[PDB]
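What follows is a set of notes on a single structure, which appears directly below.
Each ligand, and each atom within it, is numbered from 1 in the order the structure gives. Chain letters run A, B, ... following the sequence lines, proteins first and then strands; every chain starts at 1.
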Amino acid sequence: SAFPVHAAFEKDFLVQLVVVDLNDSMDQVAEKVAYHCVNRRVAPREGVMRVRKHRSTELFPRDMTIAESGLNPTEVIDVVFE
Amino acid sequence: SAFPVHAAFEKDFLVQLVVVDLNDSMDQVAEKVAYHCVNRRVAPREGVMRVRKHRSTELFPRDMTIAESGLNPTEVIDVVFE
Amino acid sequence: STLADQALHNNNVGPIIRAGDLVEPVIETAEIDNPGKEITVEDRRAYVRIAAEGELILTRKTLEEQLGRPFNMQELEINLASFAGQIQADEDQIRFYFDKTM
Amino acid sequence: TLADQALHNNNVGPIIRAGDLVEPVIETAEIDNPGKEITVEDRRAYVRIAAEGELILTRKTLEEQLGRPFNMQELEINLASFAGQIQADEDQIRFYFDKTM
Amino acid sequence: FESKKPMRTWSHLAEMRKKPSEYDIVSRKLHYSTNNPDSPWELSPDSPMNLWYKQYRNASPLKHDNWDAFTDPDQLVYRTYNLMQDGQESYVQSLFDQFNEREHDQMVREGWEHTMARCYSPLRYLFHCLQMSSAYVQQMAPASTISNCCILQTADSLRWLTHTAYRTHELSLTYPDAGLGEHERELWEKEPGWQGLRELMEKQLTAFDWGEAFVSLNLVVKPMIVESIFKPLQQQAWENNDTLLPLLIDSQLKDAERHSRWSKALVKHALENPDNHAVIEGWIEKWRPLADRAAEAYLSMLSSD
Amino acid sequence: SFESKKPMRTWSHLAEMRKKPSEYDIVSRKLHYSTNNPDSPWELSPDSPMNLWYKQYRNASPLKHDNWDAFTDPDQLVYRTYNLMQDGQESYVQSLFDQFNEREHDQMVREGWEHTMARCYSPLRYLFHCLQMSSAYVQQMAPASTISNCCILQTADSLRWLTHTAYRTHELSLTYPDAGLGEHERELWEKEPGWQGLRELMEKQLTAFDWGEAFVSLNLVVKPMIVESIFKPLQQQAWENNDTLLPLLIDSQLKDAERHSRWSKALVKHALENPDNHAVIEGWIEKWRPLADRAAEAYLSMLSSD
Amino acid sequence: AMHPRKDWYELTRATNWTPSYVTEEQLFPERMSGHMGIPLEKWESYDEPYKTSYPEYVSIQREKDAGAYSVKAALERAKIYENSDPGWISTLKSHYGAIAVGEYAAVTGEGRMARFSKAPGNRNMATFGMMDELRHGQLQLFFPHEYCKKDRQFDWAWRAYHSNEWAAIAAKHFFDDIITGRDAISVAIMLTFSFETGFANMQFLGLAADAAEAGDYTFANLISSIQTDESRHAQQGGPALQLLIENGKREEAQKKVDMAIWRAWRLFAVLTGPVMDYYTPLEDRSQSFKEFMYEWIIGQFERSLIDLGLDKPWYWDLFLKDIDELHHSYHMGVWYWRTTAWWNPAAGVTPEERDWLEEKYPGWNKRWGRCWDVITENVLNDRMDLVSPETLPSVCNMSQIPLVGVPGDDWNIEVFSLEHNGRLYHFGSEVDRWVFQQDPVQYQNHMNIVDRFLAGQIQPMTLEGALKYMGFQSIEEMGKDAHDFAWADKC
Amino acid sequence: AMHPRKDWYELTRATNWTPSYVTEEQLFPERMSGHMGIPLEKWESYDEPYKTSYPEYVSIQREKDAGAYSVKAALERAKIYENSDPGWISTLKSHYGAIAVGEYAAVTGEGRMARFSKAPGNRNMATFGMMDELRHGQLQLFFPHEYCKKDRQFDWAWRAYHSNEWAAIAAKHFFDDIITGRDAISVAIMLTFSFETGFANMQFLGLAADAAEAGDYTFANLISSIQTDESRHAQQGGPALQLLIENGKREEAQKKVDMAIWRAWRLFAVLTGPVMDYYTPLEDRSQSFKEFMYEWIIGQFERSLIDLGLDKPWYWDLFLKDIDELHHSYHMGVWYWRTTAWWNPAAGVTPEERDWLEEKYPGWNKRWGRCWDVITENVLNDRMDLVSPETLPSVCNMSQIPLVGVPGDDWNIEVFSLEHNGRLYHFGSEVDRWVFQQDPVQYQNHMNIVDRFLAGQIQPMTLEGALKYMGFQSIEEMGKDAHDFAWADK
Ligand SMILES: [Fe+3]
Ligand SMILES: [Fe+3]
Ligand SMILES: [Fe+3]
Ligand SMILES: [Fe+3]
């Protein structure tokens, strides 16, 4: 079910509302954010998209879901590359 | 000896003051008028330059002098081609 | 000249209004206060020539309505740069008119 | 360092909007503040006129440079802004700072 | 979304049958703080100013479903107000200049300067209360066309105040031994003839409901001031060879009568809602006693030796 | 041949002033070109009838100065400031008219005042129109634009007073329709003995065509006599008769009059720079004064008349 | 309460009386008054159709000036002087120099009427007329004055009427003849029906349309405001004319208006015609000079004269031919003799302009074009001594403007001469000779500037001597090609 | 004769009295007055340094309007709307829409002072302040009204504050916080010392300078005239500030001014910044936004505050870095979400404009440059779906403006989040979070537009439902690229 996050994509100029699902993996999250960023204001590039709590050091496991991750609805996340 | 006339040269747009000489022939009067018109506002042409009383039919003789013509000072003359 | 004769034999009367906030309200007033006359307008940017045939009325009440603020007839000269026709002005209206038909 | 130098100034004086008060105010500033350099920055829509620490405009001088009778209150038709603190009366307006930076 | 043509005026005005006037264009429907009942201002719905407005504007028992349809009967805008008042005020100023040239003040009846010091020059406190009160009705009125009449009325009260200031000082120059310019605050605070007026105004300034504030200011306080202060002062001046004051006050009465005109028009707009008639008359019955006592005490003091 | 020179900050004729030229300097000074060529004031035949008229009545006047153009209006009025000032005074007078009518002022005057007014006041429109005509004459004859400009404004002032008088004559007629108000002024001006000194003075004043003498008779003799023997005694009579509007009206008209007297005085002072003008001005003043005195005496005696 | 103007207006003009201590003829002498023997009483039916009264006059004129000056002050840094085409700048220079002190002279015209008209309503309206012309003179000195510091040619706003420059003499001859040099009733019908309801509309409203296209709103706004006064005080003419006609003087009124209109025509052909068809940049030309003439002079003004009871002037057909031809030669005369002007004439003959000229004036290139061909080839080939003259143009003894005709392929030029009292006069048209003959005493001893040159009054008797005589004080003052010949490059 | 103002002025402001029939605190309640407990008698030394009095005011204001309206009338045919650059016309639309009805709101802040300030000179000068703001509101509705017939976007001169469009909500959040939503003494020092002597000079004089260069004199002349009023009624602030310092309230005053300046800066960065560096045609850029900022806000305004006795704000260095970066990203967000604007944002990134931007902001092309390249490529390839968004930006719970940062080569972006009373808020800066913490009861149950989005208040829950909610009434009203992407040709 719907899970709103605020997401900042690496190299974009802003944070956007992106509504993901409760059982989305981090991979699936990264891709739902990419949709609104890459090839719109951000060059495509090679590498693996990772999701983290905003500004934090530790990346979430790619295969971890939103539910398992402990994020709250409307929290802020960064989508960044390895 | 100085003799003021007002002269209108053929194809020009105005009448000018030209000071000629009492003993000028009409050929010389004509040349003194042309100096102020031909190559200024009037294209040069072949032909013989003649002098008449303004708007008159009769030409003065080419050799006749100002003295001999009867013109009074400051009358109007035309300088035309035959 | 045909052209001259045609220019001269006109019966156009009405105000010449200088560029400003009275242009459109005088145009509109001309149409409203002269029902049934055709109003012609020539726009020269610095002024507008407004005319009808034979007679053209501008009433103070309509001009006030179209202008949108209180207005006295006398104030019209702030903007009336010229006019065609003879003039008859009073506290309620101004009339531009010809005595002759040409 | 650019910001420090922009902030650490003692310029006071009128910002005059485009119109007929610009040159008479400049001239009045020069005359009523002898021994001060008057700077002038012209932005077309307005002109920024300043001196260091204190800048005085008297009504008498202004009226003379303007060319017509003039009361000090009328200055606000054209005084669009100002640098410094202000003290205004019937005879003059004074732009000034209490501190030296 | 559909495609639509440009309108000749504001969207809110395009249903008008006539061409909108200067007044319509610059004055109508400008309070946006009436759009959302929960949140007058763009803040927490519970911020102190939002609670103030929900209580003292929105919950007013004086109601109408379209306060914004009110129209100033004079249709004044800032520009025409200044044109008009620059005419009246420079007329009054010219009177001041010429009556001073004639030394009018030396020629008033013996003792007049004492009646002025006691009955005229403290008016500056009364007129400043009207100024304060007018500003309150302005900030609380539920339509900009109402608020605009209050702004102009606020300026007019300051005009009157400034008249009084100027004339108190001017009179003192001819009569330096009467307390002119020196004792007005004491008089306002302690002289009995001023105490009914000051009590009335202090309470009036603490009626915070907008309809109550409007009714008490414009329908009770201000007409009382016209009939019990302005006109009797003109009569008295006439009896004491003061020919300046009656002319000054006639100019102030033009303002006061304009304030009555837009007031009455607001009353008539309000009475469209049949409930409003008991609301307004109740506020009138409530304040009139206060106002009548104010007039009575003023007039005994004006009457006496 | 020709020098190079740089742009000047003002008109070439003003560019050596010590001071920055004022609005008044820029727009008022040295504008009569008709004084440049003493044989041909106007650009016509030297002997055209108007050239003959200006050679005789301006150029040959006994009153002389080699720089009339240095004359300066002490009020330094231009068209723009004149209108600013008079829109102020006149809208004040119009506001008095309105208010005093609201208070039905004219009903409260003392019994019979309307008859004095019809006799002594309302025919002032003829007198004032004479000063208007006479001011226009000085304007057109005077040898400097700065002088002519004070006369233009004085001409407008005369018409202002004339219009006041019209407006009041009519307004008063509405309260007193049986006094001749607005009906019999022409006959009074022509037949009434109180008016005959004034009318004779004006008729002869209006036929003095020397610019110098026109100026002296109008402004140094006729107009100060109207202030002293007509305006102020009328203020004095209206006071006795419970007319409070007229002293106010006349006080505004007197401001105009004092301004006429100030530029007049300043022009005498300029003219006295040449010592021969002292005799010429006093000559003219002695010549015209008895006529003025007589005009006043006859008016005052009519006004008193019970 | 206030009583409305119509109930007291009659008393403002009940000011005629029967004089006794001087005669009527002494009070109103015919040389100053021009009453033509018509008795006072008759003048009392004069009824000005455009009324004003003192309180409204000062209020409304106060607001007119507030606007004129505030628009000026707000645009004082629009870069007009700096970004304007130099032909537009020249138009400003010649307008101010030719008009400003002529307005101030017009005060004397109105003053003539204010004192010596037998019509009481004329005397009052002329008093506002005096005030109006004062306004016009002061505005048209104040506005160019700020350009002094940029360009000495702007000094001629003040200086021109004080000079003997030939165009200024043409200006003063016209204004002294129609305005300051005649009796009151002559002014009433010649000034109001030649300049004020006629050629003023060309110079102050036609030119305003061009000014607005060129983006000079300070100017457009000023001269259209000026013209609002004129539309009022020019209405003193119609009632004067109507009285002349009702009292048997129609023939002499016809003569006067006929003469004044021709005189005005010749002067404004030299001022306005070159501005509209040559100096004003081509993109800013709202209409051609001749189109403007048909709108304002034939369509409006002459139509109004007919409505008031006059006939077309007898020279109608000459006039219409003159509208097609004369200003093109006046332009050429002014430009070729540019050094005698206080402005910089624009040649106005790039190919683009010549196409426009050809379209507005079919046959233009086979006429004036022949002259401009030759001029242009000399500029291109750097033969500059041939684009400056070495003698004087012959000058009309009425209009003071050079004698000109149609040049090029159907050359036609004519001078109308006259011996009179031992002197030979030359005139630029049948009409100008006829004017002279209507009133010889007005003109006969006048000497035009070329007459003066030949009689020894211009020393030395050279072109440079003439230039000093005309009042130029420095090299920068004299006219030059407006674009320094840069137009040649487009040819 | 007339007596000079200095001789009778004191009496015009001798109007405090000791109340008796009600208490002082009833007459001047603290929540409307803000006197901070300072008793009546102390407020009588208040001395406005820029005085006026009623006969002068109406006379001089009559002349100001005469000039403003005569210049408008005289230029009605200049063809600005026709010959102007479309980015210039968008400047006008956004100015009038953002400002006009805000001016009219400002009347209520002056009215608050006129009734509830305990300083008598404040109450009189605020009465002229009321009159002034009425002027400013009526002018700025009268002037655009003539463009209604040309373009529906000008309806927004009137309509913006009546809508829930996001930039209007931001204007209203600021003005309702600083002007209409606070007590009299807070208005006295927060309105006068953030907008009136501060950022109003950017929008009304900096922009005049650009309008003069663009040849729009009607506009230049109008807004410089407006600011002459402000320069007078804004001088109500210094004496209020001086009293608060003298009576021990320096810290409270400092905090109120610190907060108002920051809130003003965030609004004027989205309103004025894009105008001066992108909408205004290159040749008409008298100075950059940053250069104007250094002139008006650092050189003049902040220096005046120091002279009055305050310190540099605590966030000084954060503020200077914001100057170099914030408005570039605000521009990009307004542009990329231009359908949600009532004006037509100009992208302002042709090559020559990208060079000017690189000279005024070294490193521009490595940052915002990187986003503009992606967008440019998509326009040249006709992937227009890719230059229109499908989601909403995340928005600051204080300024109501999108949360942004520096994009591209040194990507850097920070949201300052805050838990409070069971809710999570997000802010665009440290200062914006600090402001919230200064006065939670002012802000805590406010919901920004995205809060409303997520809570089901915007139906349907899509960009298009959002546009209906924001109050657009037609397709023409929604923002488009000002040049219809013609810049892409360059
Ligand atoms: Fe004129
Ligand atoms: Fe005229
Ligand atoms: Fe404002
Ligand atoms: Fe403000």
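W42(F) CH2 to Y33(F) OH: the interatomic distance, rounded to the nearest 0.5 Å, is 5.0 Å. The distance from the NE2 atom of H95(G) to the CG atom of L222(G) is 7.0 Å, given to the nearest 0.5 Å. To the nearest 0.5 angstrom, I297(H) atom CD1 is 8.0 Å from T197(H) atom OG1.
Between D229(G) and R232(G) there is a salt bridge, since at least one side-chain N of the basic residue sits less than 4.0 Å from a carboxylate O of the acidic one. Salt-bridge annotation for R112(G) and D183(G): absent, with no side-chain N of the basic residue lying under 4.0 Å from a carboxylate O of the acidic one.
Only protein N, O or S atoms were scored, and 3 of them lie under 2.8 Å from the Fe ion (ligand 3).
Scanning both residues, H32(F) and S145(F), for their nearest heavy atoms gives CD2-N, 3.4 Å.
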